[PDB]
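Structure file model-v8.tsv; described as TSV, C-alpha atoms.
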```tsv
chain	number	residue	atom	x	y	z
E	15	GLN	CA	-14.15	25.51	10.55
E	16	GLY	CA	-11.38	24.47	8.16
E	17	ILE	CA	-9.20	25.89	5.40
E	18	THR	CA	-9.48	29.55	4.42
E	19	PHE	CA	-8.02	29.80	0.91
E	20	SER	CA	-8.39	28.09	-2.48
E	21	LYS	CA	-6.27	27.86	-5.63
E	22	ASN	CA	-7.42	31.37	-6.61
E	23	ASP	CA	-5.35	32.62	-3.65
E	24	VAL	CA	-2.01	31.33	-5.01
E	25	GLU	CA	-0.02	32.55	-8.00
E	26	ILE	CA	2.46	29.99	-9.34
E	27	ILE	CA	4.91	32.23	-11.19
E	28	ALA	CA	7.05	29.51	-12.78
E	29	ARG	CA	8.23	25.93	-12.38
E	30	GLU	CA	11.91	25.25	-13.07
E	31	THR	CA	13.12	21.70	-13.65
E	32	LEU	CA	16.34	21.46	-11.62
E	33	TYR	CA	16.98	17.81	-12.48
E	34	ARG	CA	15.43	15.33	-14.90
E	35	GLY	CA	16.21	11.62	-15.04
E	36	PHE	CA	13.84	8.85	-14.08
E	37	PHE	CA	11.99	11.41	-11.93
E	38	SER	CA	12.23	15.20	-11.77
E	39	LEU	CA	13.12	17.81	-9.18
E	40	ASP	CA	11.20	21.01	-9.80
E	41	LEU	CA	11.53	24.47	-8.27
E	42	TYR	CA	8.12	26.00	-7.65
E	43	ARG	CA	8.13	29.81	-7.61
E	44	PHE	CA	4.94	31.28	-6.22
E	45	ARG	CA	3.06	33.98	-4.32
E	46	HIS	CA	0.10	33.38	-2.02
E	47	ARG	CA	-2.37	35.24	0.18
E	48	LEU	CA	-1.73	35.75	3.89
E	49	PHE	CA	-4.14	35.09	6.74
E	50	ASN	CA	-3.85	38.71	7.91
E	51	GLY	CA	-4.64	39.93	4.41
E	52	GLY	CA	-2.03	40.82	1.82
E	53	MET	CA	0.19	38.84	-0.49
E	54	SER	CA	3.37	37.00	0.36
E	55	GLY	CA	6.63	37.79	-1.30
E	56	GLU	CA	8.02	35.37	-3.86
E	57	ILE	CA	8.56	31.86	-2.43
E	58	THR	CA	10.56	28.89	-3.76
E	59	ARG	CA	10.37	25.18	-2.94
E	60	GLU	CA	12.28	22.17	-4.26
E	61	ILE	CA	9.60	19.54	-4.96
E	62	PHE	CA	10.27	15.95	-5.97
E	63	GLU	CA	7.94	14.93	-8.81
E	64	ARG	CA	7.45	11.19	-9.20
E	65	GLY	CA	3.81	10.92	-10.20
E	66	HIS	CA	1.13	9.29	-8.07
E	67	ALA	CA	0.27	5.79	-6.91
E	68	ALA	CA	-2.49	3.28	-6.31
E	69	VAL	CA	-2.24	1.11	-3.19
E	70	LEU	CA	-4.20	-2.04	-2.39
E	71	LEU	CA	-4.69	-3.50	1.08
E	72	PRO	CA	-5.49	-7.18	0.38
E	73	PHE	CA	-7.87	-8.34	3.08
E	74	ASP	CA	-9.49	-11.75	3.45
E	75	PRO	CA	-12.60	-11.07	5.60
E	76	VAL	CA	-13.36	-14.78	6.06
E	77	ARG	CA	-9.87	-15.63	7.35
E	78	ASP	CA	-9.23	-12.21	8.95
E	79	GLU	CA	-5.84	-12.19	7.17
E	80	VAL	CA	-3.88	-9.70	5.08
E	81	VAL	CA	-1.38	-10.27	2.29
E	82	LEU	CA	1.87	-8.29	2.46
E	83	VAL	CA	4.74	-7.99	-0.03
E	84	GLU	CA	8.37	-7.77	1.05
E	85	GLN	CA	11.04	-6.10	-1.05
E	86	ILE	CA	14.05	-3.86	-0.63
E	87	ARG	CA	13.56	-0.06	-0.53
E	88	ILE	CA	17.09	1.30	-0.46
E	89	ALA	CA	15.98	4.72	0.81
E	90	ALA	CA	15.05	3.06	4.11
E	91	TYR	CA	18.70	2.09	4.67
E	92	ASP	CA	19.91	5.07	6.70
E	93	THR	CA	17.10	4.98	9.29
E	94	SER	CA	16.12	1.28	9.40
E	95	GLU	CA	17.83	-1.85	10.63
E	96	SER	CA	16.93	-3.50	7.31
E	97	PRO	CA	15.91	-1.88	4.01
E	98	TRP	CA	13.62	-4.83	3.18
E	99	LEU	CA	10.11	-3.58	4.00
E	100	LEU	CA	6.73	-5.25	4.46
E	101	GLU	CA	4.35	-3.26	2.28
E	102	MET	CA	1.02	-2.99	0.52
E	103	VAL	CA	0.63	-3.84	-3.13
E	104	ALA	CA	1.19	-0.64	-5.07
E	105	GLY	CA	1.91	0.79	-8.48
E	106	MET	CA	2.33	4.11	-10.22
E	107	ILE	CA	-0.64	5.43	-12.19
E	108	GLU	CA	-0.02	6.23	-15.84
E	109	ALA	CA	-2.14	8.67	-17.81
E	110	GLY	CA	-5.71	7.52	-18.36
E	111	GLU	CA	-5.60	4.66	-15.86
E	112	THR	CA	-7.82	4.56	-12.79
E	113	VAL	CA	-6.81	3.77	-9.23
E	114	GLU	CA	-8.90	0.61	-9.21
E	115	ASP	CA	-7.41	-0.69	-12.46
E	116	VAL	CA	-3.84	-0.27	-11.21
E	117	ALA	CA	-4.67	-1.68	-7.78
E	118	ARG	CA	-6.26	-4.82	-9.24
E	119	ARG	CA	-3.47	-5.35	-11.75
E	120	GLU	CA	-0.67	-5.08	-9.20
E	121	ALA	CA	-2.42	-7.43	-6.77
E	122	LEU	CA	-2.36	-10.07	-9.50
E	123	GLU	CA	1.20	-9.43	-10.71
E	124	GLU	CA	2.81	-8.78	-7.31
E	125	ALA	CA	0.92	-11.27	-5.11
E	126	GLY	CA	-0.97	-13.57	-7.52
E	127	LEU	CA	-4.26	-12.38	-6.03
E	128	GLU	CA	-7.60	-12.21	-7.78
E	129	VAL	CA	-9.50	-9.33	-6.15
E	130	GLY	CA	-13.25	-9.39	-5.63
E	131	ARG	CA	-14.94	-6.31	-4.21
E	132	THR	CA	-12.99	-3.14	-3.47
E	133	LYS	CA	-13.73	-0.10	-1.32
E	134	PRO	CA	-11.80	3.17	-1.01
E	135	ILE	CA	-9.85	3.66	2.20
E	136	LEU	CA	-8.20	7.08	1.88
E	137	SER	CA	-6.06	9.16	-0.50
E	138	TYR	CA	-3.10	10.93	1.11
E	139	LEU	CA	-0.12	13.16	0.41
E	140	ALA	CA	3.05	11.29	1.36
E	141	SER	CA	5.09	14.34	2.40
E	142	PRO	CA	3.71	17.62	1.09
E	143	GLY	CA	6.75	19.62	2.19
E	144	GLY	CA	8.99	17.99	-0.40
E	145	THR	CA	7.00	15.92	-2.87
E	146	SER	CA	3.73	16.16	-4.80
E	147	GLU	CA	3.20	12.42	-4.45
E	148	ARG	CA	-0.37	11.35	-3.70
E	149	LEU	CA	-1.24	7.71	-2.95
E	150	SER	CA	-4.81	6.41	-3.18
E	151	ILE	CA	-5.54	3.30	-1.09
E	152	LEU	CA	-8.28	0.75	-1.67
E	153	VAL	CA	-9.11	-2.35	0.37
E	154	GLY	CA	-9.58	-5.41	-1.78
E	155	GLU	CA	-11.38	-8.66	-0.99
E	156	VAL	CA	-9.07	-11.66	-1.46
E	157	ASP	CA	-8.72	-15.34	-0.57
E	158	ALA	CA	-5.43	-15.10	1.30
E	159	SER	CA	-4.71	-18.83	0.90
E	160	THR	CA	-4.31	-18.26	-2.87
E	161	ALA	CA	-1.51	-15.72	-2.39
E	162	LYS	CA	1.47	-16.57	-4.59
E	163	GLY	CA	4.80	-14.96	-5.43
E	172	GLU	CA	12.22	-6.62	-8.76
E	173	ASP	CA	12.48	-9.36	-6.12
E	174	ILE	CA	9.34	-9.83	-3.99
E	175	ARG	CA	8.37	-12.22	-1.20
E	176	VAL	CA	4.66	-12.68	-0.44
E	177	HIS	CA	3.50	-12.98	3.18
E	178	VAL	CA	0.15	-13.99	4.65
E	179	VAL	CA	-0.47	-12.78	8.19
E	180	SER	CA	-3.42	-12.37	10.53
E	181	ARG	CA	-4.85	-8.87	10.77
E	182	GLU	CA	-4.07	-8.94	14.50
E	183	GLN	CA	-0.39	-9.70	13.93
E	184	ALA	CA	-0.02	-7.21	11.10
E	185	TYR	CA	-1.47	-4.46	13.27
E	186	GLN	CA	0.78	-5.51	16.16
E	187	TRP	CA	3.74	-5.12	13.77
E	188	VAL	CA	2.57	-1.54	13.10
E	189	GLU	CA	2.47	-0.92	16.86
E	190	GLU	CA	5.96	-2.45	17.28
E	191	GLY	CA	7.52	-0.53	14.35
E	192	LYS	CA	8.13	-3.63	12.22
E	193	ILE	CA	5.74	-2.18	9.63
E	194	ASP	CA	6.58	1.51	9.33
E	195	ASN	CA	5.99	2.78	5.79
E	196	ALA	CA	3.19	5.32	5.44
E	197	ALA	CA	0.93	3.38	3.05
E	198	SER	CA	0.93	0.23	5.17
E	199	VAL	CA	0.54	2.08	8.46
E	200	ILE	CA	-2.43	4.07	7.16
E	201	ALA	CA	-4.07	1.04	5.59
E	202	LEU	CA	-3.67	-1.22	8.63
E	203	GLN	CA	-4.79	1.45	11.10
E	204	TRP	CA	-7.85	1.93	8.90
E	205	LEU	CA	-8.47	-1.79	8.92
E	206	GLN	CA	-8.18	-1.89	12.71
E	207	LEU	CA	-10.90	0.80	12.86
E	208	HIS	CA	-13.19	-0.76	10.24
E	209	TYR	CA	-12.74	-4.54	10.02
E	210	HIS	CA	-15.87	-5.37	12.06
E	211	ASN	CA	-18.21	-3.61	9.65
E	212	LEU	CA	-16.14	-4.75	6.67
E	213	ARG	CA	-16.19	-8.44	7.65
E	214	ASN	CA	-19.98	-8.18	7.99
E	215	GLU	CA	-20.48	-6.38	4.68
E	216	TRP	CA	-18.30	-8.85	2.75
E	217	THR	CA	-19.46	-12.11	4.39
E	218	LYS	CA	-23.16	-11.13	4.18
M	4	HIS	CA	4.00	-20.10	-2.66
M	5	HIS	CA	3.67	-17.56	0.16
M	6	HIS	CA	5.10	-17.34	3.65
M	7	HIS	CA	2.28	-17.72	6.17
M	8	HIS	CA	3.41	-16.47	9.53
M	9	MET	CA	1.94	-19.42	11.46
M	10	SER	CA	4.35	-21.79	9.67
M	18	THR	CA	15.63	-12.39	6.95
M	19	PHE	CA	18.12	-10.09	5.25
M	20	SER	CA	20.31	-7.47	6.93
M	21	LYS	CA	22.42	-4.56	5.75
M	22	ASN	CA	25.23	-7.10	5.20
M	23	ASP	CA	23.08	-8.33	2.29
M	24	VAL	CA	23.33	-4.92	0.54
M	25	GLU	CA	26.29	-3.65	-1.52
M	26	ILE	CA	25.93	0.14	-1.72
M	27	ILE	CA	28.31	0.87	-4.60
M	28	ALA	CA	27.88	4.65	-4.69
M	29	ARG	CA	25.69	7.54	-3.63
M	30	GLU	CA	26.14	10.01	-6.46
M	31	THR	CA	25.08	13.63	-6.09
M	32	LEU	CA	22.50	14.57	-8.71
M	33	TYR	CA	21.49	17.90	-7.22
M	34	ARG	CA	22.55	19.98	-4.20
M	35	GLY	CA	20.44	22.93	-3.14
M	36	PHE	CA	18.13	23.52	-0.21
M	37	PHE	CA	17.61	19.75	-0.29
M	38	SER	CA	19.65	17.10	-2.11
M	39	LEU	CA	18.93	14.42	-4.68
M	40	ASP	CA	21.24	11.39	-4.68
M	41	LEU	CA	21.59	8.41	-6.98
M	42	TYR	CA	21.91	5.25	-4.92
M	43	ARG	CA	23.73	2.56	-6.89
M	44	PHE	CA	23.61	-0.83	-5.23
M	45	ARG	CA	23.29	-4.59	-5.45
M	46	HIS	CA	21.25	-6.69	-3.02
M	47	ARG	CA	20.76	-10.34	-2.15
M	48	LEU	CA	17.87	-12.16	-3.81
M	49	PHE	CA	15.35	-14.29	-1.94
M	50	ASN	CA	16.32	-17.33	-4.03
M	51	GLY	CA	20.06	-16.72	-3.60
M	52	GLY	CA	22.81	-14.67	-5.20
M	53	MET	CA	23.10	-10.93	-5.74
M	54	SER	CA	21.04	-8.72	-8.00
M	55	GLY	CA	22.41	-6.83	-10.94
M	56	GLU	CA	23.23	-3.16	-10.42
M	57	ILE	CA	20.17	-1.18	-9.35
M	58	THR	CA	19.95	2.62	-9.33
M	59	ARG	CA	17.38	4.82	-7.58
M	60	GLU	CA	16.92	8.61	-7.44
M	61	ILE	CA	16.31	9.44	-3.77
M	62	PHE	CA	15.33	12.82	-2.35
M	63	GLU	CA	17.32	13.59	0.81
M	64	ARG	CA	15.73	16.19	3.06
M	65	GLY	CA	16.59	14.97	6.54
M	66	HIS	CA	14.02	13.71	9.01
M	67	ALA	CA	11.19	15.22	11.00
M	68	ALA	CA	9.54	15.37	14.40
M	69	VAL	CA	5.73	15.50	14.46
M	70	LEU	CA	3.53	16.43	17.43
M	71	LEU	CA	-0.15	15.62	17.85
M	72	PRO	CA	-1.28	18.21	20.43
M	73	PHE	CA	-4.01	16.52	22.46
M	74	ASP	CA	-6.01	18.09	25.29
M	75	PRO	CA	-7.19	15.02	27.25
M	76	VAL	CA	-9.48	16.96	29.58
M	77	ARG	CA	-11.42	18.57	26.74
M	78	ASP	CA	-10.96	15.78	24.12
M	79	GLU	CA	-9.62	18.37	21.67
M	80	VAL	CA	-6.75	18.45	19.17
M	81	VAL	CA	-4.79	21.43	17.87
M	82	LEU	CA	-4.22	21.68	14.11
M	83	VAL	CA	-2.09	24.13	12.14
M	84	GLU	CA	-3.06	25.40	8.69
M	85	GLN	CA	-0.56	26.58	6.06
M	86	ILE	CA	0.15	26.36	2.34
M	87	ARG	CA	2.07	23.37	1.00
M	88	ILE	CA	2.61	24.21	-2.66
M	89	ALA	CA	3.44	20.60	-3.53
M	90	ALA	CA	-0.20	19.70	-2.80
M	91	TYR	CA	-1.45	22.06	-5.51
M	92	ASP	CA	-1.66	19.71	-8.48
M	93	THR	CA	-3.79	17.01	-6.78
M	94	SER	CA	-5.75	18.87	-4.07
M	95	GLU	CA	-8.75	21.17	-3.81
M	96	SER	CA	-6.44	23.64	-2.06
M	97	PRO	CA	-2.74	23.74	-1.19
M	98	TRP	CA	-3.61	25.01	2.30
M	99	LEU	CA	-3.51	21.91	4.54
M	100	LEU	CA	-4.64	21.13	8.08
M	101	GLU	CA	-1.61	19.50	9.70
M	102	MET	CA	0.24	18.46	12.81
M	103	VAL	CA	2.94	20.57	14.40
M	104	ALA	CA	6.21	19.44	12.84
M	105	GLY	CA	9.80	20.39	12.10
M	106	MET	CA	13.04	19.09	10.66
M	107	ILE	CA	15.53	17.59	13.10
M	108	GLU	CA	19.08	18.92	13.03
M	109	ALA	CA	22.20	17.08	14.16
M	110	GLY	CA	22.36	16.64	17.92
M	111	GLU	CA	18.67	17.41	18.43
M	112	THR	CA	16.14	15.00	19.89
M	113	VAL	CA	12.79	14.29	18.29
M	114	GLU	CA	11.05	15.54	21.41
M	115	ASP	CA	12.98	18.83	21.61
M	116	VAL	CA	12.04	19.69	18.02
M	117	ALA	CA	8.42	18.77	18.69
M	118	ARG	CA	8.27	21.01	21.78
M	119	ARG	CA	10.00	23.93	20.07
M	120	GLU	CA	7.67	23.85	17.06
M	121	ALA	CA	4.57	23.53	19.25
M	122	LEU	CA	5.62	26.65	21.12
M	123	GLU	CA	6.73	28.70	18.09
M	124	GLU	CA	3.98	27.46	15.77
M	125	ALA	CA	0.94	27.47	18.06
M	126	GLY	CA	2.08	28.94	21.39
M	127	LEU	CA	1.63	25.59	23.14
M	128	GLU	CA	3.57	24.40	26.14
M	129	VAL	CA	3.70	20.58	26.16
M	130	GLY	CA	3.43	18.40	29.25
M	131	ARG	CA	3.71	14.63	29.11
M	132	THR	CA	4.40	12.90	25.79
M	133	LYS	CA	4.06	9.42	24.34
M	134	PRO	CA	5.50	8.07	21.09
M	135	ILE	CA	2.91	7.23	18.48
M	136	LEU	CA	5.11	5.76	15.78
M	137	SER	CA	7.91	6.57	13.36
M	138	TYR	CA	7.32	6.08	9.64
M	139	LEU	CA	8.94	6.36	6.23
M	140	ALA	CA	6.96	8.89	4.20
M	141	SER	CA	7.62	7.34	0.79
M	142	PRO	CA	10.50	4.86	0.79
M	143	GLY	CA	10.44	4.41	-3.00
M	144	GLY	CA	11.64	7.99	-3.50
M	145	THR	CA	12.82	9.65	-0.30
M	146	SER	CA	14.72	8.68	2.82
M	147	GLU	CA	12.52	10.91	4.97
M	148	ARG	CA	11.46	9.43	8.31
M	149	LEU	CA	8.96	11.24	10.54
M	150	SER	CA	8.69	10.45	14.24
M	151	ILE	CA	5.28	11.23	15.75
M	152	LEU	CA	4.62	11.98	19.43
M	153	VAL	CA	1.35	12.85	21.14
M	154	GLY	CA	1.78	15.77	23.52
M	155	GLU	CA	-0.42	16.80	26.44
M	156	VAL	CA	-1.64	20.39	25.98
M	157	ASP	CA	-4.15	22.87	27.34
M	158	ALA	CA	-6.13	23.57	24.18
M	159	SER	CA	-7.16	26.96	25.63
M	160	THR	CA	-3.62	28.35	25.25
M	161	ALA	CA	-3.35	27.88	21.45
M	162	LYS	CA	-2.94	31.24	19.68
M	172	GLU	CA	5.79	30.92	7.52
M	173	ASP	CA	2.11	31.96	7.65
M	174	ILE	CA	0.17	29.70	10.00
M	175	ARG	CA	-3.37	29.57	11.40
M	176	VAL	CA	-4.29	27.62	14.53
M	177	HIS	CA	-7.50	25.61	14.79
M	178	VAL	CA	-8.79	23.85	17.91
M	179	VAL	CA	-11.31	21.12	17.15
M	180	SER	CA	-12.87	18.20	18.95
M	181	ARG	CA	-11.12	14.88	18.43
M	182	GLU	CA	-14.30	13.56	16.84
M	183	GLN	CA	-14.34	16.41	14.32
M	184	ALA	CA	-10.69	15.96	13.38
M	185	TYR	CA	-11.18	12.24	12.83
M	186	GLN	CA	-14.34	12.87	10.79
M	187	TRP	CA	-12.28	15.19	8.56
M	188	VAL	CA	-9.83	12.33	7.97
M	189	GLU	CA	-12.76	10.11	6.95
M	190	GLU	CA	-14.03	12.84	4.60
M	191	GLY	CA	-10.66	13.56	3.01
M	192	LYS	CA	-10.40	17.06	4.46
M	193	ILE	CA	-7.29	16.00	6.38
M	194	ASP	CA	-5.18	13.95	3.97
M	195	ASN	CA	-1.47	14.38	4.69
M	196	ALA	CA	0.25	11.26	5.97
M	197	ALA	CA	1.45	12.66	9.29
M	198	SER	CA	-1.99	13.85	10.37
M	199	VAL	CA	-3.85	10.79	9.09
M	200	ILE	CA	-1.49	8.46	10.97
M	201	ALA	CA	-1.62	10.53	14.15
M	202	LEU	CA	-5.40	10.88	14.15
M	203	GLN	CA	-6.09	7.23	13.31
M	204	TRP	CA	-3.78	6.34	16.22
M	205	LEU	CA	-5.66	8.74	18.48
M	206	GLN	CA	-8.97	7.23	17.42
M	207	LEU	CA	-7.60	3.81	18.42
M	208	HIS	CA	-6.04	4.90	21.74
M	209	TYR	CA	-7.92	7.93	23.05
M	210	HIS	CA	-9.96	6.13	25.71
M	211	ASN	CA	-6.87	4.77	27.46
M	212	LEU	CA	-4.82	7.92	26.81
M	213	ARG	CA	-7.46	10.17	28.40
M	214	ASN	CA	-7.67	7.88	31.43
M	215	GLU	CA	-3.88	7.94	31.80
M	216	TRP	CA	-3.55	11.73	31.60
M	217	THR	CA	-6.54	12.52	33.85
M	218	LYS	CA	-5.80	9.83	36.48
```

Will you turn the file into structure tokens for me?
Amino acid sequence: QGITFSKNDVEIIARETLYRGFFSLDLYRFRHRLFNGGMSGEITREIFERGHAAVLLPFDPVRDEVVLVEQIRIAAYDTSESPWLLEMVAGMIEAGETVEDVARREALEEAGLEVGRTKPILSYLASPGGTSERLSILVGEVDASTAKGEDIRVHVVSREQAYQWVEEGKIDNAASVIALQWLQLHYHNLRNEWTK
Amino acid sequence: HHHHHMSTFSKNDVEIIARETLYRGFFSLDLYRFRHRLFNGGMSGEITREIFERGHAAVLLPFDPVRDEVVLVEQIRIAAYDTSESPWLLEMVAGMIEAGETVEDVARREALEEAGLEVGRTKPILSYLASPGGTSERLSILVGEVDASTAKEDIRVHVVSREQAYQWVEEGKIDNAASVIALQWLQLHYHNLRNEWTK
């Protein structure tokens, strides 16, 4: 048995833009139903609004390799030894675009990769206590030997080593962790489905 | 070309020029202004990024290894509203870390306050950056040994089999990063973890 309430059980009174620049910081003001019946008082939350993203895990099922992109993410600085991260191909979704369209485009522009078949992995909320951001991950069939290079470096690594880097903390951004854990759970069936 | 790993930079390669306050309230928004070294040599032009600063978090996956059960907590996360069927989410126990606190002390406190759980042994799962393009937030996940029989801000406690919780990840019913990461880890490690904590 899962969630109890739906959108009909929340009242969003107003949304105040506290800051607008490249992105926005909004104040949500809302009331919601309580598990023991009744309505909450008025609540406020400061939510970072940056739109939503498409993520592609480029996987070569023949070679059992993945393609990773390395670039600086300055927000990693305070809690990481280096702010250069190994990540999945990703891009923000603009109005009217699909996840698959963005995923395929960025794989070509960021890593020089033609993608064959795709499959959905998962769609997740990055940090629902402070941002609306949702990221939708696909796995994409690639020939990793064709991988080819904001300032990005393209890496080709075995699935085994990439997953080991998740275990060791060398890969530690949510999208990459989720994608590579999924691959560790599904690569046997995937390699069969895509080499059959 | 690409770098095949069968064939780098440090903080010294970053010039943080300024961190400019854009907003200070419950949380803070800062403008990072910086230059960084380029893979082909030299320094970038000036780059600016709007970064949401909300501190860092401890996350606990409460796992009953005798029963093969996990404890979830349900509560509203209004930020989920615009892209979700419901803003009420099934999540891991979690809380923000204050200065001088350990990850594990926050995890234990929240488990006890949030779901009435005493925690026994613990193991780190992993520590991840939620969304490094827009926030500094790091969350450190532990798995904690619990008696799922003792499980009892408006929060509801669910106790489900591990297999059910993982199936809900597959289905999209659990779809917040902390819980997806923790439950995929558990699906990869449960056989050895159960053997270790029932030895």

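Between CA of residue 176 (chain E) and CA of residue 122 (chain E) the separation is 11.8 Å.
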
Find the spatial neighbours of residue 62 (chain E), counting only C-alpha atoms, within a cut-off of 12 Å - ignore same-chain residues fewer than 2 positions away - and output them as a VMD selection string. (chain E and resid 30 to 42 59 to 60 64 to 66 140 to 148) or (chain M and resid 33 37 to 40 60 to 64 88 to 90 141 143 to 145)

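Using all atoms listed in the file, the nearest neighbour of residue 47 (chain M) within the list M:133, M:66, M:34, M:21 is M:21.
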
Contacts of residue 46 (chain M) within 6 Å, only C-alpha atoms, excl. fewer than 6 positions in-chain, as a list in words: residues 23, 24, 53 and 54 of chain M

In Å, with one decimal, what is the gap from CA of residue 45 (chain E) to CA of residue 23 (chain E)? 8.5 Å

Measuring atom to atom with all atoms listed in the file, identify which of E:50, E:159, E:217, E:195 is nearest to chain M. E:195

Close residues, residue 194 (chain M) itself excluded, 8 Å, all atoms listed in the file, min 5 positions apart in chain, as number ranges by chain: E: 136-139; M: 188, 199

Hey, what's within 8 Å of residue 97 (chain M) if we count only C-alpha atoms and toss same-chain stuff fewer than 2 positions away? As an MDAnalysis selection string, please? (chainID E and resid 20:21) or (chainID M and resid 86:91 94:95 99)
